[PDB]
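S.K.: Mind having a look at this structure? Questions to follow.
No value in this document is a laboratory result; all are computed from the given coordinates. Every residue, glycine among them, receives a Cβ derived from its backbone with ideal geometry; neighbour counts consider all protein chains shown.
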Amino acid sequence: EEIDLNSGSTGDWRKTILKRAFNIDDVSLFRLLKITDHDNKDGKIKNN
Amino acid sequence: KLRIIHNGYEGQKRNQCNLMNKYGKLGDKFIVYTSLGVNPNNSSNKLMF
Amino acid sequence: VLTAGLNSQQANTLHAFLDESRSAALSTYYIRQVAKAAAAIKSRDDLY
């Protein structure tokens, strides 16, 4: 399941799962992803 | 000495039964109703005839 | 999305208010409809 963590996007309930799990808004969540992978061109997550 | 009494079990039976005695003599024949319910609609009483 | 951005206290008070208003609506629906006509269920207490 591909998950949209793009700063500028509303995504699946799954994005929301990430949001409650980490207590973060969409913006900082995107930053967090960028700290995870700097080569990730789009806010997509393998979900693994 | 044997006793036969027509009185209803306290509750509806006794009411029906009391109607039977007041308004008809013994040996009389008539219709009675086993199950009485309060209506889902049109009722505010929690009471039944 | 709104719920996700909450600390545990607001979360607890959320599940609380939800369950309360819910029990209210669910019970008054189960009294008004879906209740077997035999039992005289005309009040909340009677539902209890």
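S.K.: Across segment C:28-48, what is the number of residues that are more than 13 Å from chain B (Cβ to nearest Cβ) and under 23 Å from B:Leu47 (Cβ atoms)?
M.R.: 4
S.K.: Looking at C:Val1, C:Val34, which one is outside any helix (DSSP H, G or I) and more than 30 Å from B:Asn39 (Cβ to Cβ)?
M.R.: Unique residue meeting the criteria: C:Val1.
S.K.: Okay, moving on. With the condition kept exactly as written, say whether any residue in segment B:18-36 is within 30 Å of C:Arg32 (Cβ to Cβ), surrounded by 10 or more Cβ atoms within 10 Å (Cβ to Cβ) and not aliphatic (A, V, I, L, M).
M.R.: no
S.K.: Take B:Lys13 and decide whether it is of a type in the set (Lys, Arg), surrounded by fewer than 10 Cβ atoms within 10 Å (Cβ to Cβ) and out of contact with any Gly (no Cβ under 8 Å at 6 or more places or on another chain). Spell out the reasoning first.
M.R.: Numbers: of a type in the set (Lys, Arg): yes; surrounded by fewer than 10 Cβ atoms within 10 Å (Cβ to Cβ): no; out of contact with any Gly (no Cβ under 8 Å at 6 or more places or on another chain): yes.
So B:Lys13 fails the test.
S.K.: Next up: Give the number of residues within segment C:37-48 that are among the hydrophobic types (A, V, I, L, M, F, W, C) and either under 30 Å from A:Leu29 (Cβ atoms) or part of a helix (DSSP H, G or I) (or both). First the steps, then the outcome.
M.R.: Step one: list which residues in segment C:37-48 are among the hydrophobic types (A, V, I, L, M, F, W, C), which gives C:37-41, C:47.
From the residues that got through so far, the ones that are either under 30 Å from A:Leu29 (Cβ atoms) or part of a helix (DSSP H, G or I) (or both) too are C:47.
Result for segment C:37-48: 1.
S.K.: Continuing with the same structure: Any residue in segment B:11-33 that is over 19 Å from B:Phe49 (Cα atoms) sitting within a Cβ distance under 9 Å of a residue that is exposed (fewer than 11 other Cβ atoms within 10 Å of the Cβ)? List the pairs, counting only those 6 or more apart or interchain.
M.R.: So the pair list comes out as B:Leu26/B:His6.
S.K.: Continuing with the same structure: Could you check segment B:9-46 and list, in sequence order, the residues that are within 13 Å of the chain's Cα centre (by Cα), assigned to a loop (DSSP other than H, G, I, E, B) and under 30 Å from C:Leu47 (Cβ atoms)?
M.R.: Result: B:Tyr9, B:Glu10, B:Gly11, B:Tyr33, B:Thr34, B:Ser35, B:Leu36.
S.K.: Quick check: anything in segment B:17-26 away from chain C (no Cβ under 14 Å), of a type in the set (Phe, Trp, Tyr) and under 22 Å from C:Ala35 (Cβ atoms)?
M.R.: Checking segment B:17-26: not a single residue is away from chain C (no Cβ under 14 Å), of a type in the set (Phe, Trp, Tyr) and under 22 Å from C:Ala35 (Cβ atoms).
S.K.: Taking into account only those residues within segment C:1-23 that are surrounded by 10 or more Cβ atoms within 10 Å (Cβ to Cβ) and within 12 Å of another protein chain (Cβ to nearest Cβ), which is nearest to A:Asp25 (Cα to Cα)?
M.R.: Applying the filter and picking the extreme gives C:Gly5.
S.K.: Okay, moving on. Could you check segment C:33-48 and list, in sequence order, the residues that are among the basic types (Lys, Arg) and loosely packed, with under 11 Cβ neighbours inside 10 Å?
M.R.: C:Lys36
Rundown of residues vs (1) surrounded by 12 or more Cβ atoms within 10 Å (Cβ to Cβ); (2) on the phi > 0 side of the Ramachandran plot; (3) not in a loop (DSSP other than H, G, I, E, B), yes/no style:
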| site | (1), (2), (3) |
| --- | --- |
| A:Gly8 | no, no, no |
| A:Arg14 | yes, no, yes |
| A:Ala21 | no, no, yes |
| A:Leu32 | yes, no, yes |
| A:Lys41 | no, no, no |
